[PDB]
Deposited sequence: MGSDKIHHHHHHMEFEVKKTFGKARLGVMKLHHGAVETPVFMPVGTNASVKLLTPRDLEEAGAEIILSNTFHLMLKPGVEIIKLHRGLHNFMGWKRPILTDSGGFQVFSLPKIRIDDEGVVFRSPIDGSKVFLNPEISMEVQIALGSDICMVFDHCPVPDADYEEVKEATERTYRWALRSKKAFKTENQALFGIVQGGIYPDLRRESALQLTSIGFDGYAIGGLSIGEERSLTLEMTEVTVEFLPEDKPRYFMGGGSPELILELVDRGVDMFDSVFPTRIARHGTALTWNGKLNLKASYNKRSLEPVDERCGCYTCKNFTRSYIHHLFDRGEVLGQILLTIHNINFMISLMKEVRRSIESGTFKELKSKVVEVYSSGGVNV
């Protein structure tokens, strides 16, 4: 595990992480898989898009197919046919979003969203799973507030105690461990949580508990507060969100890594992410269009197909339309991040950010 910042432009950082299965230049957007797959994409598609790292959740993997089947494959990378790095989410947001869970300091009991059976999860079990999966970056198991101030405070303190326990149970080789800062929209709590986890010591630091509904201005202010107490020589990872204008605002505040289901999910609804903003392929303004999805894109979709043809596929309910937009949208995210990196190297990052924020209102 090594991270270096090669150039800074204000708070924006050009860096590189060396992980067990590959180097990752930052800032980086990670495509998200839940069930050991990025929906509608093959690993080839992801490699051709230029993705250097993907995110896997494991809350669902722990349930299905389970640790034992992934051990038979000798890890998640082999199971899903992806030979580059993987970061695994520890599932805090998913678990604590479930109705009628029983939480205490030992852990959480919940009903499986798959089959309804009662499951117990805690830091020691989460580490166990992630060690078995073999991801290049593992996350500590947090108490993510589902919450009033007193609740957020309880979950933040519990997050510290679980961070210690996760770190203690993290006995492996070739895997980094990131801590997760909590604190909701309360700067005192955010500052305290950052100082707490920073005192424990991790390979990198995630900012948890944001882009879950709070106002955007609060998302940005809380990132600034946290980033003030996070070491400059480690990666900063904002969890969730992943809209182009948010990612640019956050890069400008010192964040290095990002993930979202946004680009894959909106592709399936028929929306492309282009350099001109969102393009709704279901709109009738595409029905007779001979233009590609994006004039400035080199992906398979933009090389071969017209807006008219893709509109048609969505009109008829062809899943191929969803596939073609998922390929385009992931290409676009990786290409956005490469543009960001280039702009930081060139000192033109403010020019880029203005153009992105303009079209992603």
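Enquirer: What are the missing stretches of the deposited sequence, listed from start to end?
Expert: Residues lacking C-alpha coordinates: 1-12, 159-160, 376-381.
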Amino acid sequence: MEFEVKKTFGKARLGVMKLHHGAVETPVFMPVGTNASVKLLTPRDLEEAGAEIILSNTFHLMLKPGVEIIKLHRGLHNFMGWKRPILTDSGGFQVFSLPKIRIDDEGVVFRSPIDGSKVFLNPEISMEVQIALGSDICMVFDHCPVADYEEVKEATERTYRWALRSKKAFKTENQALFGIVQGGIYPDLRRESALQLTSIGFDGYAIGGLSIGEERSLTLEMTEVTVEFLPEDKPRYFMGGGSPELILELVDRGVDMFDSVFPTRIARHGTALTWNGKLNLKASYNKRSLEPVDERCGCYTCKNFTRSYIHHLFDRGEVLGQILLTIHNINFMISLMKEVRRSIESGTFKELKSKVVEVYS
From here on, numbers count along this sequence of modelled residues.
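Enquirer: Should the higher mean CA B-factor in the entry be assigned to 68-76 or to 90-98?
Expert: Mean B over CA atoms: larger for 90-98.
Enquirer: Per the coordinate record, which of the options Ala163, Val227, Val181, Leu250 holds the highest CA temperature factor?
Expert: Of the candidates given, the C-alpha B-factor peaks at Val227.
Enquirer: In terms of the CA temperature factor given in the entry, to which third of its chain does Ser343 belong: lowest, middle or highest?
Expert: For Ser343, whose C-alpha B-factor we compare with every modelled residue in the chain, the answer is the lowest third.
Enquirer: Grab the CA temperature factor for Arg13 from the record and place it in the lowest, middle or highest third of its chain.
Expert: Middle third.
Enquirer: Please rank the C-alpha B-factors of the chain's modelled residues and tell me whether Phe59 sits in the lowest, middle or highest third.
Expert: Its C-alpha B-factor belongs to the highest third of this chain's values.
Enquirer: Place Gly204 in the lowest, middle or highest third of its chain's C-alpha B-factors, as listed in the PDB entry.
Expert: It belongs to the lowest third of the chain when residues are ordered by C-alpha B-factor.
Enquirer: Should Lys39 be placed in the lowest, middle or highest third of its chain by the C-alpha B factor in the entry?
Expert: It belongs to the middle third of the chain when residues are ordered by C-alpha B-factor.
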